[PDB]
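Visitor: Give me coordinates for this.
(chains A, B, C, D, E, F, G and H, ligands or ions: 2)
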Amino acid sequence: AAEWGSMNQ
Amino acid sequence: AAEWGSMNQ
Amino acid sequence: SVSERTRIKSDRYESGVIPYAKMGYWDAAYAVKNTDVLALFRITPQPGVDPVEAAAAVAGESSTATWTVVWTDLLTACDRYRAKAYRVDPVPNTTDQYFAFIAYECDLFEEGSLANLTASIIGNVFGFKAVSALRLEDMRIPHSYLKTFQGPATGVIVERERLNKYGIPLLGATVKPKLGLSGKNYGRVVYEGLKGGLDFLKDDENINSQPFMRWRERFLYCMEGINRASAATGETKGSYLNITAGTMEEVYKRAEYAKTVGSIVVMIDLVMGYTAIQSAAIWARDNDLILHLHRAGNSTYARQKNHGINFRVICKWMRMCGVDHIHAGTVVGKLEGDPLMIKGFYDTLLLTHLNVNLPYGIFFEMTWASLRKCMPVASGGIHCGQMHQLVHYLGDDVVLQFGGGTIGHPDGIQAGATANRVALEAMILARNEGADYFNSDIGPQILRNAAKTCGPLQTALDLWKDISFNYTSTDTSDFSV
Amino acid sequence: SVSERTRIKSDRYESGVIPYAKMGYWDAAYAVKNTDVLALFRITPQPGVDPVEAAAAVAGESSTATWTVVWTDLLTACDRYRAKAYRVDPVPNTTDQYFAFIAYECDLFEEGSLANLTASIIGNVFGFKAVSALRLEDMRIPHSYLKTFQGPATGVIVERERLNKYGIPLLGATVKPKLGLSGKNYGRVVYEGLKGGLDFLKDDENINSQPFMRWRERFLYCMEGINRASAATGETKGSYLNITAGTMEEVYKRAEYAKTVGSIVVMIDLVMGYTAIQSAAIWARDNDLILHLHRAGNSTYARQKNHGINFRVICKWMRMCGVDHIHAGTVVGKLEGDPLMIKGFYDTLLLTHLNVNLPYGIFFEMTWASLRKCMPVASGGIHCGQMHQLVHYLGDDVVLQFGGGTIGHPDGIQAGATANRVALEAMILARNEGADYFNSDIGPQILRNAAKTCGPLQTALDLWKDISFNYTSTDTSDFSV
Amino acid sequence: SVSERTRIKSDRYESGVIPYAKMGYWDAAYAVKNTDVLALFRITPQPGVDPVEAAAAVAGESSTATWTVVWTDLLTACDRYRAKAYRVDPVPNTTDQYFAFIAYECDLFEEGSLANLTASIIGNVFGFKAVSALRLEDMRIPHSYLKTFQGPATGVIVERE
Amino acid sequence: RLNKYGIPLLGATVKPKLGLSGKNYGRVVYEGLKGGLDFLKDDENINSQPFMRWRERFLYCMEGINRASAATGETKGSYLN
Amino acid sequence: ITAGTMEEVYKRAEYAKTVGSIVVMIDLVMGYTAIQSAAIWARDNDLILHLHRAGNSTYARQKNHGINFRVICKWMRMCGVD
Amino acid sequence: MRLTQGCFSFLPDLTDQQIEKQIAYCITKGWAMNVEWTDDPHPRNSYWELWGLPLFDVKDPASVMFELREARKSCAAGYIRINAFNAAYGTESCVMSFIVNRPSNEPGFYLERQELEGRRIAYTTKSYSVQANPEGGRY
Ligand SMILES: O=C(O)[C@@](O)(COP(=O)(O)O)[C@H](O)[C@H](O)COP(=O)(O)O
Ligand SMILES: O=C(O)[C@@](O)(COP(=O)(O)O)[C@H](O)[C@H](O)COP(=O)(O)O
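Guide: Numbering: from 1, shown residues only, chains lettered A, B, ... in the order given. Ligands and ions are numbered 1, 2, ... in the order given. Take a look at the structure below.
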């Protein structure tokens, strides 16, 4: 979801 | 079958 | 005995077999670095295998692990060299498919070498018995590593300057039939096509040096046809000479000949291999030549969604090696191509930076560190009757190529070339004036209107009016909107 | 107008689109010649497409055809250059799968060039929209064409003579962990393994030149370890030095260094590419070196039964290029391998002639025109506890490699090497005396008996006793008996 | 005349001389990137010269600026190529000495070449009349640029072996 | 070599220091020489960078020099770095 | 371009190409290996190669002993003369 | 012969209304416009003569139309072209170019063939108008 952009700084 | 050996001399 | 007394009794380094996820290859609380290389894999576990164990196995066997414990690990900074699986997710609308993210340390790779990068990422993991299927979908290549590669030898910007052509797609065609013609007959077709209004023509991927035609003969006649056409029109023209060969020495011999006779461009095939390709891209930069890449063989591994490598990854690797052009798809032609996936490919080859876009298959944000742009090429069963669709889906930085769509004209090759150029010019003009050229009615009418001042175009429209290739696609998206 | 009056009105050469099967690409009454190249494809037509039309499309697009009629065909002997589909049959126990046989003229290919052969057979056919899946299963390469290629540089016979080793499989191991070790620590492992009784050791496929270890350092320390071990045992020894690199120039620089220091062998990876591989095989013959080939990347296209290329075809192409060794499978290890398919691979690499054998996947009879034999290599999660199975399935001309199965021994690397050699010697002796070593009871007892005179072997058997990798295979046969 | 009618009237690109700090070479609110090259200079201004103007002069003359306005700047992405002075501090226990920090874009340098890096940082700034003395004290070379250089041929570890 | 005697020689440096492409570099050289300069020069920090590779600059500059010399009747040149 | 040593043959072939000759000639007395080398050079340098058959009648004239010319024809077509 | 340089040379000469629309399209993108002239149409003649400086911040095609009108009545017989430049990072180059004035007659070009080594030829393209008269009086 939108956690893929925060889990890969 | 066995026609593959006679079709390709 | 000394050996028996010196046995390792540590829980982690005692002899024996333990799961990969307990060897240190799975870390849900891992923090990614800006120098790390990242990979996204679509995995299908064998009945009974735990999804997390499978991800850990892929990470270990692609980095520094084996099937059993080895004490030699204690002679190295082991923790720094191990790759780490850090997230696993089920694939939407699917049971038995999962997405896995993996991070790799920068010091694991050799600077400027594609053979080395691939040796680690795709070396042996695809043959593991514990998985039933596997596919590399995407990768994030960091700025630090990008700087060790050359990037395109010429690049889209410098190339348009070399041709003095700006603000419209380039045009081209392939010589037909594929095999059988002599060098003199080959030059005749080139002369005719260019004279009618094409920017470039090209040899077929399978034309090299054969009994019916030796290469030196073809190169000589082609330069006579190019100069004749350029002098008759006042424009810069050219043809892609094929230098593909069986050994590196023979490749170089054919590249040095084409430069001697004054060719502005040459072409190579993907079947040659990564190392031969890298060598050719370094030569083109040092000798001021444009380099075209044909993707022969790519569909053996890039067609199915369950196993293999997605084309968007090949796009990144080839932009890194430094090719100037690459075939990327047509959407409406006779070869495979989903419109959403194709738009993703074009962006990977032309943008200065990529942002996440799931419906297009973009999984990682990534900058190109000022690497030059690679020009996409559209080819495969397309005709001037489809001009409105080509402009809407492919954009303005692209080479549109018409083989049968030019030579197959009933009034001759020169007539075929004219019909293609006129069709394009009229469509772009209309677009720039703010018309809805993509509408199923406006688009064709625009071409019909232009046809009432050009007989060749009228003939072509009537000939290939009801020609289309509608079939369900194999490689599709997993997200919407 | 002159153009309008000179229009072609022939039924076959008038402008327009017609089926490939009416263009002359389907001929059920075709007679095959002894100079023709033949191919067998497993095709899956799209719903609605006629099986015969699909076969005709594959033949035309891989030879001289396009999507529409071209008059330029009349400037050539067209009938001689067209490929011909001549037989189509349903795949047994399957609906929607069919086998197709196709013949190609000798004059279509460039002598001695693998890039050219592949450009035609696998160039673009796999991406055609009208088919949903496609796989190249087999090929018949004629005597005339075989004679334009070098074949293995050394060959199995000359190689055994160079090592003075006859009548038993060769032995080896890979250095572990995969990455992280320095050049001096690398030489230490080589010295230890060889001294314990291995014939050869090897660098991992992903070891080239990295920040933790530069190549020149590794090559120097390895030659000190080899000479020390040979002087301590009285035998000829060696290690596979990896010369894989990013450009051809760097490859040659590493090959010339290894020869200067006196290496008997070197290794390359499949990710390098066909043209780089051919160049390396010509160099090895001219410089008296043995050439080992690692198959990195092969499983991206050779794993699934519905799409890609079967490994038995890759086997033929690589034997033609002239490599001396090639990885071919273990059956009982951790990587994929069906016993019937694997037996087919070994035969393609070692026999002087092939006869039809459907249950083994052999579809065409074929002679090797006196080309030298290529040595198979077995590697991937195997241990001395499985010796009885290895001897029964793999044969006597093979290199058995043990990485974790040697370095992972609790009493040291030298101990690990000894346990592997003893196990082999005892099994072969027993075999030559006429025992049923493959029986699930006789085989293990033989090893147990030998173990009562060798402590290292006893330790290894107890450690990896219950180790196995049982999983359903992906690539299987379509015939029985 | 055509030339007279086509003269630039823009406040920034009209002909004439303006201070370096109004040309875009001073930015106190600049955010440093991990790819940027950085430099620390100890500057001694001539009597009357403003400390901030001196820093801006060093940044401009070591990047893309000259003594007067040039319209040719509009044929390039000017903002990306200009170096930026971002901090100035007095030297402790000293009057007339100040420390200045300056950031440079990665694309300004040739990969793997020390002659090129020095041509920009120390080329002509030390001879400027508006300063009486100048010293390069330190530099921050980013990871991306370090990777384009070989580094020691042997190194301490391999040498002891 | 220049057939110029009895007066100081004249020249100019291309500006801005960095950022221009090879084609824009040749345009400035052509213009300056045509107006009456004997020589133009690359800045000390112009070598081979992402915004402009050296081979491109050398080619365009020779086209600008020949154009200016043919339009004035004088020998002209530019300092290639 | 017929000469006493291979080095001198090559020197005369490279000169004729430099001045723009479309063709050159050789004699049969040179020998099979020199002939094969010359035919490979002509293909790699775009020149036409003419062969004079000096010496052939020493062995091809009598019906009772020697070699018939039709055999020489086949061997020379294989070597690659024009 | 008709010179085929430019993006719309396979279409009839464009009217003033047609030209204005294309200009309106380039300014909506934010591009800079300029006008050039020459009497030497060789395909490798890269630098045409400049008519004033480029119009950077003009936001009305009428300003561009006026300048073209002046050149038309001021310059000698020959060719005139309009170009558009994009200074965005990643481009920094021209993005459009089309001809907007032609001479009454263009004779064209012919080829000269110098024979060098083997079968190689060194080609030279020559203009009839240039070889006959000096700049200013070629058309
Ligand atoms: O050999 C051919 O079929 C073509 O010349 C098509 O010619 P036509 O114009 O006559 O169709 C091109 O190589 C294909 O487009 C390659 O496919 P792709 O671009 O997808 O790699
Ligand atoms: O990297 C590895 O995994 C290996 O060194 C195995 O080492 P272990 O002995 O420790 O398992 C081999 O390269 C694989 O066998 C290659 O597979 P294949 O032979 O099928 O191509």
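
Visitor: how would you label the residue lying closest to residue C:460 once chain neighbours are set aside: helix, strand or coil?
Guide: The shortest distance from residue C:460 to any residue that is not its chain neighbour, by CB to CB, 6 or more residues apart in numbering or on different chains, is 4.4 Å, and that residue is residue C:419. Every residue, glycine included, has its C-beta placed from N, CA and C. Of the three states, residue C:419 takes helix under DSSP: H, G, I helix; E, B strand; the rest coil.

Visitor: I'd say residue C:419 and residue C:454 touch.
Guide: Yes: using CB atoms under 8 Å, residue C:419 is in contact with residue C:454, at 7.0 Å.

Visitor: Those two - which one has more neighbours?
Guide: Looking at residue C:419 and residue C:454 with other CB atoms under 10 Å in any protein chain shown, you find the greater number of neighbours at residue C:419, namely 29 against 18.

Visitor: mind listing what that one touches?
Guide: In this structure, residue C:419 makes contact with C:384, C:409, C:454, C:456, C:457, C:459, C:460, judged by CB atoms under 8 Å, 6 or more residues apart in numbering or on different chains.

Visitor: do you know how far it is from residue C:394?
Guide: According to CB to CB, to the nearest Å, residue C:419 stands 19 Å off from residue C:394.

Visitor: Quick check: which element contains the closest residue to chain D within chain A?
Guide: Taking CB to the nearest CB as the measure, chain A has residue A:8 as its residue closest to chain D, at 23.4 Å. Using DSSP states H and E, no element contains residue A:8; it sits outside every helix and strand.

Visitor: what ranges do the strands span in the stretch 251-400 of chain C?
Guide: For the stretch 251-400 of chain C, the strands defined by DSSP state E, counting those that start in this stretch cover C:265-269, C:290-294, C:308-309, C:325-327, C:353-354, C:366-367, C:375-378, C:399-401.

Visitor: export those to TSV and tack on mean neighbour count and distance to chain H?
Guide: Listed next are those as TSV, based on neighbours: other CB atoms under 10 Å in any protein chain shown; distance: least, CB to the nearest CB, whole Å:
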stretch	mean neighbour count	distance to chain H
strand C:265-269	24	16
strand C:290-294	24	16
strand C:308-309	24	28
strand C:325-327	24	18
strand C:353-354	16	9
strand C:366-367	18	11
strand C:375-378	24	14
strand C:399-401	22	14
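
Visitor: a markdown table please, covering the ones you listed and showing distance to residue C:427.
Guide: Supplementary listing: the strands of the stretch 251-400 of chain C in a markdown table, determined by distance: least, CB to CB, whole Å:
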| stretch | distance to residue C:427 |
| --- | --- |
| strand C:265-269 | 26 |
| strand C:290-294 | 25 |
| strand C:308-309 | 35 |
| strand C:325-327 | 22 |
| strand C:353-354 | 29 |
| strand C:366-367 | 33 |
| strand C:375-378 | 15 |
| strand C:399-401 | 11 |
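
Visitor: Nearest spatial neighbour of residue 8, chain-adjacent residues omitted?
Guide: As the question left the chain open, I've gone with chain A. Ranked by CB to CB, 6+ apart and with sequence neighbours excluded, the top spatial neighbour of residue A:8 is residue C:32, at 5.3 Å.

Visitor: Sorry, I should have been clearer: chain H.
Guide: Taking CB to CB, 6+ apart, and ignoring the residues beside it in sequence, residue H:8 has residue H:98 as its nearest neighbour in space, at 5.1 Å.

Visitor: Enumerate every residue touching that neighbour.
Guide: Taking CB under 8 Å, 6+ apart, one finds C:167, H:6, H:7, H:8, H:14, H:22, H:81, H:82 in contact with residue H:98.

Visitor: interface residues of chain H facing chain G?
Guide: Selection of chain H residues close to chain G by CB under 8 Å from any CB of the partner chain yields H:115, H:116, H:117, H:118, H:119.

Visitor: Please, a PyMOL command that selects the buried ones among those residues?
Guide: In PyMOL, the members of the residues of chain H next to chain G classed as buried (16 or more other CB atoms under 10 Å in any protein chain shown) are selected with the following command:
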select buried, chain H and resi 118
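
Visitor: Which members of the residues of chain H next to chain G occur in strands, if any?
Guide: Among the residues of chain H next to chain G, the ones falling in strands (DSSP state E) are residue H:115.

Visitor: I'd like the residues of chain H next to chain G as TSV, with distance to ligand 2 appended.
Guide: Below are the residues of chain H next to chain G laid out as TSV (distance: CB to the nearest ligand atom, whole Å):
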residue	distance to ligand 2
H:115	57
H:116	53
H:117	51
H:118	49
H:119	50
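
Visitor: where's the nearest residue to residue H:40 once chain neighbours are set aside, which helix or strand?
Guide: Spatially, and ignoring its direct neighbours in sequence, residue H:40 is nearest to residue H:130 (5.5 Å; CB to CB, 6+ apart). Secondary structure from DSSP H and E places residue H:130 in helix H:128-132.
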